[PDB]
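Report on the following structure.
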Ligand SMILES: [Zn+2]
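Residue numbers (the deposited numbering): 234 to 275.
Listed below in structure tokens is the structure:
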């Protein structure tokens, strides 16, 4: 139920460390290693 979305090519920011990125894929690939979480189980 989205409505009134103002997105695009605006600056990016990681929700784990707070690093800035210029490329979209960069933020995604970063989230992979950027976990900061130990061995978790089901
Ligand atoms: Zn990060």
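Every residue, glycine too, gets a C-beta built ideally from N, C-alpha and C.
Three-state secondary structure assigned by DSSP to residue i
| i | result |
| --- | --- |
| residue 270 | coil |
| residue 253 | strand |
Alpha carbon of residue i to alpha carbon of residue j, nearest angstrom
| i | j | result |
| --- | --- | --- |
| residue 246 | residue 272 | 25 Å |
| residue 275 | residue 241 | 36 Å |
Any non-hydrogen atom of ligand 2 closer than 7 Å to residue i Cβ
| i | result |
| --- | --- |
| residue 256 | Ligand 2 is absent from the structure shown, which contains only ligand 1. |
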